[PDB]
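Student: Sharing a structure here in structure tokens format.
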Amino acid sequence: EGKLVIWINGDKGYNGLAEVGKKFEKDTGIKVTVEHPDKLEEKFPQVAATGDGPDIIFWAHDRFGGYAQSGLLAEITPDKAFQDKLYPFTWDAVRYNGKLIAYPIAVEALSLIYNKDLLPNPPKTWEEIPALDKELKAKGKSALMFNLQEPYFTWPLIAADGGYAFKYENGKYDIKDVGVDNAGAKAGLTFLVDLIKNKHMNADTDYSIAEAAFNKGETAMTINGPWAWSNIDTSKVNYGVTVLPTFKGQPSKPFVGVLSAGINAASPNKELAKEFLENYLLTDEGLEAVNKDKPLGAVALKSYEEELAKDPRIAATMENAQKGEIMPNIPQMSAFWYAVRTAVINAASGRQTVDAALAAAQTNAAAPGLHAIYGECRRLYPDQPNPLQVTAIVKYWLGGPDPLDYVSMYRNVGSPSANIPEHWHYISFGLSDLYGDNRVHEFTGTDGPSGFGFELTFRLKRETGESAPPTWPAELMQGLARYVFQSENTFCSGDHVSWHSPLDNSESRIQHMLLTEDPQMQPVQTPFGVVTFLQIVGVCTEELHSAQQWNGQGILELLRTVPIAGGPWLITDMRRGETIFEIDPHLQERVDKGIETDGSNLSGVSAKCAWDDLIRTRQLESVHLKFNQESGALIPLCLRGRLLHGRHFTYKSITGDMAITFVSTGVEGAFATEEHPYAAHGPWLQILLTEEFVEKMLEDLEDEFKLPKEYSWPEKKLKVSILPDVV
Ligand SMILES: OC[C@H]1O[C@H](O[C@H]2[C@H](O)[C@@H](O)[C@@H](O)O[C@@H]2CO)[C@H](O)[C@@H](O)[C@@H]1O
């Protein structure tokens, strides 16, 4: 046996297609499920990896070339007698690198739908509409309303003056030659932004807002595909479907899309899928059942096409399809669509000028490394297609100071069941290789790290009454990114960073940072390398010191067990006023134990100290070490945490040039022999302590405020005193 699961976008006929699925189950006994998940075009390549996905997937052909290259689609194998049933150009739309990768279903193209009662003669040009809108606003109506959230609906205007996505030149598509940035495209988008300034259209208008407006008669026009006609029938609005308005004398060029059905390559039911598609859905009866639910446009099945051809609504669809351009199916299409999805929104909402919104989409459409990261982000935040975002306006590769080209700011609602608070999630762009053209980072192929190999992320606890994420952390990430770039020393999970300043420039006690693998962002494959995601975690100086004395990983584990200091997701709360050792005093024990068993990472310190006798190599037999109180409290960590693990530890002087290097029995390099344990080169003193003597010395050192204290022995002496160093 086997099941058959189908995905089809919500605006299409999923109920008519379900009827066809019923007839299949009747005649065959195989159950056909139909689902219309949100953002199915993005979710497919996500869950086709785990094969948790549909046996069949429906969408415009432009997406498929991208699926096919990722090996997510099985090649379809119709015989000649079936191929003759559909038009040759619709098989063209589903052909990628020589193979048929999906069955074509229907041809879609945007048309101008107008309310005959409100507007008997629809305007032949775009420029007519501002005028036409004043007349309609007088009697309380509007002239035009259509989806401005999706570039698919505003692209006909942008392309009217000849703006394009990729150029069909010399037999192929030129992937770097994108045309969203030329005069024609700016002329089209400038005109769209104008309409919104003069309040003929509103930037907030999405699909369901426009559809409701037109179907209640509140607006005289709209732009939409054959699928929308069904609901205008139910509204009983007296409407007609016609050619789109011209712009500057040239026609609107809508991207024509062929609704196609592909078969999952991980489907165990490729044969059942071939039967359902070839001998049920693709016939006069099957296509009819889907057309009745929501019109398909001009179907690819020659027979049922000639039957509907009379329908003037179809005639107007193909008239606009002729003036438009058929969408390419190359993998780079999704990139292009996203680049423009943003450009149009930013340019319309006022976030950005038309001239720079399109100049942005130009570099970002071409740019593979950027795309991949956005793809993960969109995997985490499906319902935030346009996040507040900081952009470096003077790019880092034109001499600019700030190396992060972008920093995106998402809203993470957290988890109420697992005690993870609502917070802001920042992701950076530019530490990895975004463009792969040797502009910022050396191109090192698909094998190895992409640029530095990671991007920063940050999770900031949401303060109360905060409508939007603050922007100060984007500044911080610019600071860290500069730190990495200039030094060329990369970071790993567990590393620490001394910042010595409250991260937000308020008095916050959080003044440092540990780094750790972001708990949600998953490493990505890029055509320029691999990109993992490091997350910054704010910490107090007390905690930064623990991480230096013990380890980064160990302290990170602790921040996870104290919810108000990070929790499982290590969220930074900038209003935290207590260290984790003051919240849970019994944690200090865990660290000390962690040091006794793992050992200290601290190889030395710059502190107030000196030594005295009681270039050459002076061999001595009586030594008097002098420390500050602060650096004297270190001595037990030096003994227990390093000399016992067979490691050296060095105190540098900083008031001079003296130094004291404690050396265990049996470490290479070092000139105290233990025939004569106290040798000096210099101001450079090395003193070797046997395990026996270290263990007893630790008993004798118990750190109260008495000074100067002094400890003595048969070997040696050790003072801790106060001002002498600074004087
Ligand atoms: O807007 C970007 C989007 O455009 C196209 O999506 C269309 C789709 O082709 C239509 O059948 C209908 O469902 O409207 C969609 C836009 O809301 C592209 O096919 C798609 O890849 C792209 O992301």
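We name chains A, B, ... following the order of the structure tokens; residues begin at 1 in each chain, and ligands are numbered from 1 as shown.
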What residues in range 171-375 of chain A get the DSSP label alpha helix (DSSP H)? Please answer as JSON, numbers by chain.
Tutor: {"A": [183, 184, 185, 186, 187, 188, 189, 190, 191, 192, 193, 194, 195, 196, 197, 207, 208, 209, 210, 211, 212, 213, 214, 215, 216, 229, 230, 231, 232, 233, 234, 270, 271, 272, 273, 274, 275, 276, 284, 285, 286, 287, 288, 289, 290, 291, 292, 293, 302, 303, 304, 305, 306, 307, 308, 312, 313, 314, 315, 316, 317, 318, 319, 320, 321, 322, 323, 333, 334, 335, 336, 337, 338, 339, 340, 341, 342, 343, 344, 345, 346, 347, 348, 349, 354, 355, 356, 357, 358, 359, 360, 361, 362, 363, 364, 365, 366, 368, 369, 370, 371, 372, 373, 374, 375]}
Student: For residue 128 in chain A, work out the shell of residues within 12 Å, counting only C-alpha atoms and skipping chain neighbours fewer than 3 positions away, then give it as an mmCIF file with C-alpha atoms, in the first residue's frame.
Tutor:
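Generated file (result.cif):
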```cif
data_model
loop_
_atom_site.group_PDB
_atom_site.id
_atom_site.type_symbol
_atom_site.label_atom_id
_atom_site.label_comp_id
_atom_site.auth_asym_id
_atom_site.auth_seq_id
_atom_site.Cartn_x
_atom_site.Cartn_y
_atom_site.Cartn_z
ATOM 1 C CA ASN A 121 -14.474 52.280 -19.234
ATOM 2 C CA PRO A 122 -11.264 51.139 -17.491
ATOM 3 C CA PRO A 123 -8.175 53.382 -17.929
ATOM 4 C CA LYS A 124 -5.782 52.377 -20.713
ATOM 5 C CA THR A 125 -2.776 53.835 -18.840
ATOM 6 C CA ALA A 131 -6.767 61.626 -11.711
ATOM 7 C CA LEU A 132 -9.308 58.789 -11.708
ATOM 8 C CA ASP A 133 -8.814 58.377 -7.967
ATOM 9 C CA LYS A 134 -9.800 61.931 -7.067
ATOM 10 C CA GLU A 135 -13.105 61.539 -8.902
ATOM 11 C CA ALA A 143 -9.713 53.742 -7.784
ATOM 12 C CA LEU A 144 -7.220 50.880 -7.371
ATOM 13 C CA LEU A 195 0.795 56.706 -5.738
ATOM 14 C CA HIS A 200 -4.190 56.918 -3.837
ATOM 15 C CA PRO A 245 -2.723 49.662 -17.965
ATOM 16 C CA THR A 246 0.303 50.849 -20.002
ATOM 17 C CA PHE A 247 3.154 52.859 -18.458
ATOM 18 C CA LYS A 248 4.936 55.548 -20.474
ATOM 19 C CA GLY A 249 3.365 54.062 -23.601
#
```
Student: For residue 392 in chain A, please output as a PyMOL selection string all residues within 7 Å (counting only C-alpha atoms; exclusion window: fewer than 3 positions along the same chain).
Tutor: chain A and resi 395+402+404-406
Student: Restricting it to N, CA and C atoms, dump the selection as a PDB file, in the first residue's frame.
Tutor:
```pdb
ATOM      1  N   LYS A 395      29.640  50.895   2.400  1.00  0.00           N
ATOM      2  CA  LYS A 395      30.027  49.490   2.426  1.00  0.00           C
ATOM      3  C   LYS A 395      31.475  49.311   2.864  1.00  0.00           C
ATOM      4  N   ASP A 402      32.414  49.882   9.044  1.00  0.00           N
ATOM      5  CA  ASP A 402      31.593  48.792   9.568  1.00  0.00           C
ATOM      6  C   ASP A 402      31.528  47.592   8.623  1.00  0.00           C
ATOM      7  N   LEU A 404      29.967  44.631   8.826  1.00  0.00           N
ATOM      8  CA  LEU A 404      28.694  43.926   8.666  1.00  0.00           C
ATOM      9  C   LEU A 404      27.772  44.728   7.748  1.00  0.00           C
ATOM     10  N   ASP A 405      27.516  44.182   6.565  1.00  0.00           N
ATOM     11  CA  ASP A 405      26.673  44.835   5.574  1.00  0.00           C
ATOM     12  C   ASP A 405      25.235  44.972   6.047  1.00  0.00           C
ATOM     13  N   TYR A 406      24.748  43.968   6.774  1.00  0.00           N
ATOM     14  CA  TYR A 406      23.402  44.011   7.353  1.00  0.00           C
ATOM     15  C   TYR A 406      23.395  43.409   8.750  1.00  0.00           C
TER      16      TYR A 406
END
```
Student: Range 206-218 of chain A: which residues within 10 Å, counting only C-alpha atoms, same-chain residues fewer than 4 positions away excluded, as a ChimeraX atom specification?
Tutor: /A:113-115,117-118,136,140-150,153,202,222-224,228,231-239
Student: Compute the set of protein, DNA and RNA residues whose minimum atom distance to ligand 1 is at most 10 Å, using only C-alpha atoms and all ligand atoms, and state it as JSON, numbers by chain.
Tutor: {"A": [8, 9, 10, 11, 12, 39, 41, 42, 58, 59, 60, 61, 62, 63, 64, 106, 107, 108, 109, 110, 147, 148, 149, 150, 151, 152, 153, 154, 155, 206, 207, 224, 225, 226, 227, 228, 255, 256, 257, 258, 259, 260, 296, 327, 329, 333, 334, 335, 336, 337, 338, 340, 341]}
Student: Write the residues you've just listed into a file as a compact mmCIF listing (two decimals), in the first residue's frame, and include C-alpha atoms for each of them.
Tutor:
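Contents of selection-v3.txt, freshly written:
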```txt
# COMPACT_ATOMS: atom_id res chain seq x y z
CA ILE A 8 -1.27 23.28 -3.26
CA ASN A 9 -1.29 26.99 -2.41
CA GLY A 10 -4.34 28.30 -0.58
CA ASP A 11 -5.57 30.72 -3.24
CA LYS A 12 -6.01 27.82 -5.71
CA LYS A 39 4.52 29.31 2.62
CA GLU A 41 7.00 26.97 -1.59
CA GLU A 42 9.60 27.59 1.16
CA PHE A 58 1.88 22.33 -6.80
CA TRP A 59 3.35 25.75 -7.64
CA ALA A 60 4.34 28.13 -10.45
CA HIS A 61 7.16 26.65 -12.53
CA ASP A 62 9.73 29.24 -11.45
CA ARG A 63 10.29 27.46 -8.13
CA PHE A 64 10.91 24.05 -9.70
CA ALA A 106 -2.35 25.84 -16.38
CA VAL A 107 -1.03 29.20 -17.58
CA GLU A 108 -1.47 32.17 -15.20
CA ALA A 109 -0.94 35.87 -15.85
CA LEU A 110 -2.10 38.98 -13.98
CA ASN A 147 -1.35 43.19 -3.12
CA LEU A 148 1.77 45.30 -2.47
CA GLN A 149 3.39 42.78 -0.14
CA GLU A 150 4.31 40.36 -2.92
CA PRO A 151 6.55 41.54 -5.80
CA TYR A 152 4.51 39.35 -8.16
CA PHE A 153 1.82 42.06 -8.35
CA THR A 154 3.97 45.17 -8.68
CA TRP A 155 6.48 43.65 -11.10
CA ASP A 206 -1.99 43.03 1.35
CA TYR A 207 -3.85 40.37 -0.67
CA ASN A 224 -5.19 39.47 -9.86
CA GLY A 225 -5.05 36.04 -11.54
CA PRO A 226 -7.77 33.62 -12.74
CA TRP A 227 -7.90 32.05 -9.25
CA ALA A 228 -9.40 35.24 -7.81
CA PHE A 255 5.65 37.48 -15.29
CA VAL A 256 3.68 34.57 -16.76
CA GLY A 257 3.70 31.49 -14.55
CA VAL A 258 2.68 27.94 -15.37
CA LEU A 259 1.04 26.15 -12.41
CA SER A 260 2.93 22.84 -12.33
CA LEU A 296 -7.03 27.80 -13.44
CA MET A 327 9.30 33.37 -15.73
CA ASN A 329 12.98 28.49 -13.76
CA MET A 333 14.76 32.96 -9.26
CA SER A 334 13.86 32.61 -5.59
CA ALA A 335 16.83 34.89 -4.81
CA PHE A 336 15.59 37.52 -7.28
CA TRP A 337 12.05 37.37 -5.88
CA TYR A 338 13.28 37.94 -2.34
CA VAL A 340 12.58 42.61 -4.88
CA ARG A 341 10.03 41.54 -2.24
```
Student: With distances taken over only C-alpha atoms, which of A:315, A:101, A:580, A:597 is nearest to residue 560 in chain A?
Tutor: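 Nearest to residue 560 in chain A: A:580.
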Student: Return the single residue from A:459, A:193, A:487, A:561 that is closest to residue 519 in chain A, with distances computed using only C-alpha atoms.
Tutor: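 Answer, going by the shortest atom-to-atom distance: A:459.
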Student: Using only C-alpha atoms, which residues sit within 7 Å of residue 510 in chain A once same-chain residues fewer than 3 positions away are excluded, as JSON, numbers by chain?
Tutor: {"A": [502, 503, 538, 539, 540, 574]}
Student: Would you put the residues from that selection into a file with C-alpha atoms, as a PDB file, in the first residue's frame?
Tutor:
```
ATOM      1  CA  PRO A 502      28.338  47.716  29.796  1.00  0.00           C
ATOM      2  CA  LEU A 503      27.322  46.377  26.364  1.00  0.00           C
ATOM      3  CA  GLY A 538      26.323  39.030  27.943  1.00  0.00           C
ATOM      4  CA  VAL A 539      28.010  38.300  31.279  1.00  0.00           C
ATOM      5  CA  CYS A 540      29.246  40.099  34.433  1.00  0.00           C
ATOM      6  CA  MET A 574      20.623  43.634  30.395  1.00  0.00           C
TER       7      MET A 574
END
```
Student: Write out as a ChimeraX atom specification each polymer residue whose atoms come within 8 Å of residue 426 in chain A, counting only C-alpha atoms; drop sequence neighbours fewer than 4 positions from it.
Tutor: /A:407-410,456-459,473-474
Student: Can you tell me, as number ranges by chain, what residues are no more than 12 Å from residue 720 in chain A when counting only C-alpha atoms, ignoring any on the same chain fewer than 3 positions away?
Tutor: A: 608-611, 624-635, 701, 703, 705-712, 717, 723-725
Student: Given the selection you just returned, output its residues as a file containing N, CA and C atoms, formatted as a PDB file, in the first residue's frame.
Tutor:
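As written to disk, out15.pdb reads:
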```pdb
ATOM      1  N   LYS A 608      50.229  43.234  39.857  1.00  0.00           N
ATOM      2  CA  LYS A 608      51.226  43.923  40.662  1.00  0.00           C
ATOM      3  C   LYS A 608      52.017  42.904  41.487  1.00  0.00           C
ATOM      4  N   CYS A 609      53.297  42.749  41.172  1.00  0.00           N
ATOM      5  CA  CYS A 609      54.119  41.755  41.843  1.00  0.00           C
ATOM      6  C   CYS A 609      55.604  42.009  41.612  1.00  0.00           C
ATOM      7  N   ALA A 610      56.437  41.272  42.340  1.00  0.00           N
ATOM      8  CA  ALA A 610      57.882  41.315  42.148  1.00  0.00           C
ATOM      9  C   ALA A 610      58.534  40.211  42.962  1.00  0.00           C
ATOM     10  N   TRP A 611      59.809  39.951  42.702  1.00  0.00           N
ATOM     11  CA  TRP A 611      60.543  38.950  43.462  1.00  0.00           C
ATOM     12  C   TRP A 611      61.884  39.520  43.869  1.00  0.00           C
ATOM     13  N   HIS A 624      62.075  35.405  47.550  1.00  0.00           N
ATOM     14  CA  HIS A 624      61.033  36.107  48.287  1.00  0.00           C
ATOM     15  C   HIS A 624      60.059  36.755  47.310  1.00  0.00           C
ATOM     16  N   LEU A 625      58.934  36.088  47.063  1.00  0.00           N
ATOM     17  CA  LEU A 625      57.930  36.581  46.122  1.00  0.00           C
ATOM     18  C   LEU A 625      56.976  37.541  46.815  1.00  0.00           C
ATOM     19  N   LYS A 626      56.695  38.664  46.165  1.00  0.00           N
ATOM     20  CA  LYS A 626      55.822  39.688  46.728  1.00  0.00           C
ATOM     21  C   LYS A 626      54.650  39.919  45.778  1.00  0.00           C
ATOM     22  N   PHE A 627      53.424  39.896  46.306  1.00  0.00           N
ATOM     23  CA  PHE A 627      52.220  40.054  45.480  1.00  0.00           C
ATOM     24  C   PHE A 627      51.295  41.148  46.002  1.00  0.00           C
ATOM     25  N   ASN A 628      50.398  41.607  45.135  1.00  0.00           N
ATOM     26  CA  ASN A 628      49.285  42.456  45.529  1.00  0.00           C
ATOM     27  C   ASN A 628      48.228  41.534  46.121  1.00  0.00           C
ATOM     28  N   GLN A 629      47.253  42.076  46.843  1.00  0.00           N
ATOM     29  CA  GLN A 629      46.179  41.245  47.382  1.00  0.00           C
ATOM     30  C   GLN A 629      45.367  40.602  46.261  1.00  0.00           C
ATOM     31  N   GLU A 630      45.060  41.387  45.235  1.00  0.00           N
ATOM     32  CA  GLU A 630      44.255  40.899  44.123  1.00  0.00           C
ATOM     33  C   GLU A 630      44.922  39.724  43.432  1.00  0.00           C
ATOM     34  N   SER A 631      46.192  39.887  43.090  1.00  0.00           N
ATOM     35  CA  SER A 631      46.910  38.861  42.348  1.00  0.00           C
ATOM     36  C   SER A 631      47.422  37.754  43.268  1.00  0.00           C
ATOM     37  N   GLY A 632      47.358  37.996  44.575  1.00  0.00           N
ATOM     38  CA  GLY A 632      47.778  37.019  45.559  1.00  0.00           C
ATOM     39  C   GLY A 632      46.688  35.990  45.757  1.00  0.00           C
ATOM     40  N   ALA A 633      45.440  36.423  45.638  1.00  0.00           N
ATOM     41  CA  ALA A 633      44.315  35.504  45.725  1.00  0.00           C
ATOM     42  C   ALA A 633      44.337  34.509  44.558  1.00  0.00           C
ATOM     43  N   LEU A 634      45.108  34.823  43.521  1.00  0.00           N
ATOM     44  CA  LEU A 634      45.266  33.921  42.389  1.00  0.00           C
ATOM     45  C   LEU A 634      46.139  32.716  42.718  1.00  0.00           C
ATOM     46  N   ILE A 635      47.073  32.870  43.652  1.00  0.00           N
ATOM     47  CA  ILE A 635      48.097  31.850  43.870  1.00  0.00           C
ATOM     48  C   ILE A 635      47.554  30.425  44.012  1.00  0.00           C
ATOM     49  N   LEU A 701      48.003  28.276  52.679  1.00  0.00           N
ATOM     50  CA  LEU A 701      47.446  29.503  52.108  1.00  0.00           C
ATOM     51  C   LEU A 701      45.920  29.514  52.176  1.00  0.00           C
ATOM     52  N   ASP A 703      42.872  32.230  52.171  1.00  0.00           N
ATOM     53  CA  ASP A 703      42.449  33.613  51.967  1.00  0.00           C
ATOM     54  C   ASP A 703      40.944  33.760  52.182  1.00  0.00           C
ATOM     55  N   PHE A 705      41.165  40.596  56.488  1.00  0.00           N
ATOM     56  CA  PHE A 705      41.873  41.750  55.945  1.00  0.00           C
ATOM     57  C   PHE A 705      43.045  42.159  56.831  1.00  0.00           C
ATOM     58  N   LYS A 706      44.077  41.325  56.863  1.00  0.00           N
ATOM     59  CA  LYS A 706      45.274  41.626  57.641  1.00  0.00           C
ATOM     60  C   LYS A 706      46.460  41.832  56.723  1.00  0.00           C
ATOM     61  N   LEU A 707      47.160  42.948  56.884  1.00  0.00           N
ATOM     62  CA  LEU A 707      48.331  43.191  56.052  1.00  0.00           C
ATOM     63  C   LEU A 707      49.451  43.951  56.759  1.00  0.00           C
ATOM     64  N   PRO A 708      50.695  43.738  56.307  1.00  0.00           N
ATOM     65  CA  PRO A 708      51.025  42.656  55.372  1.00  0.00           C
ATOM     66  C   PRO A 708      50.992  41.283  56.034  1.00  0.00           C
ATOM     67  N   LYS A 709      50.463  40.278  55.339  1.00  0.00           N
ATOM     68  CA  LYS A 709      50.618  38.899  55.786  1.00  0.00           C
ATOM     69  C   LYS A 709      51.944  38.408  55.249  1.00  0.00           C
ATOM     70  N   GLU A 710      52.477  37.352  55.843  1.00  0.00           N
ATOM     71  CA  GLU A 710      53.659  36.717  55.289  1.00  0.00           C
ATOM     72  C   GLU A 710      53.672  35.236  55.628  1.00  0.00           C
ATOM     73  N   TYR A 711      54.064  34.429  54.650  1.00  0.00           N
ATOM     74  CA  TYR A 711      54.188  32.993  54.835  1.00  0.00           C
ATOM     75  C   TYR A 711      55.656  32.632  54.650  1.00  0.00           C
ATOM     76  N   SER A 712      56.169  31.736  55.489  1.00  0.00           N
ATOM     77  CA  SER A 712      57.578  31.349  55.426  1.00  0.00           C
ATOM     78  C   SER A 712      57.726  29.832  55.340  1.00  0.00           C
ATOM     79  N   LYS A 717      60.092  32.283  51.059  1.00  0.00           N
ATOM     80  CA  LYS A 717      59.140  33.169  51.729  1.00  0.00           C
ATOM     81  C   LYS A 717      58.199  33.809  50.710  1.00  0.00           C
ATOM     82  N   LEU A 723      50.662  49.018  48.983  1.00  0.00           N
ATOM     83  CA  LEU A 723      50.941  50.159  48.105  1.00  0.00           C
ATOM     84  C   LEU A 723      52.268  50.081  47.349  1.00  0.00           C
ATOM     85  N   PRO A 724      53.287  49.416  47.927  1.00  0.00           N
ATOM     86  CA  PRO A 724      54.629  49.521  47.347  1.00  0.00           C
ATOM     87  C   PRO A 724      54.684  49.502  45.824  1.00  0.00           C
ATOM     88  N   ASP A 725      53.863  48.697  45.155  1.00  0.00           N
ATOM     89  CA  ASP A 725      53.994  48.543  43.712  1.00  0.00           C
ATOM     90  C   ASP A 725      53.682  49.872  43.006  1.00  0.00           C
TER      91      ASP A 725
END
```
Student: Quick one: of A:497, A:685, A:558, A:515, who's nearest to residue 537 in chain A, counting only C-alpha atoms?
Tutor: A:515
Student: Would you mind telling me which residue in A:599, A:425, A:677, A:398 lies nearest to residue 618 in chain A when using only C-alpha atoms?
Tutor: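 Nearest to residue 618 in chain A: A:677.
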Student: Using only C-alpha atoms, which residue out of A:299, A:57, A:583, A:138 lies closest to residue 318 in chain A?
Tutor: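 Residue with the minimum atom-to-atom distance to residue 318 in chain A: A:299.
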Student: DSSP says strand (DSSP E) for which residues of range 669-704 of chain A? Put them as a list in words?
Tutor: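 Of range 669-704 of chain A, only residues 678, 679, 680, 684, 685, 686, 687, 688 and 689 of chain A fall in strand (DSSP E).
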Student: Looking at only C-alpha atoms, which of A:480, A:544, A:413, A:243 is the one that sits closest to residue 498 in chain A?
Tutor: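 Checking each of A:480, A:544, A:413, A:243 against residue 498 in chain A, counting only C-alpha atoms, the winner is A:544.
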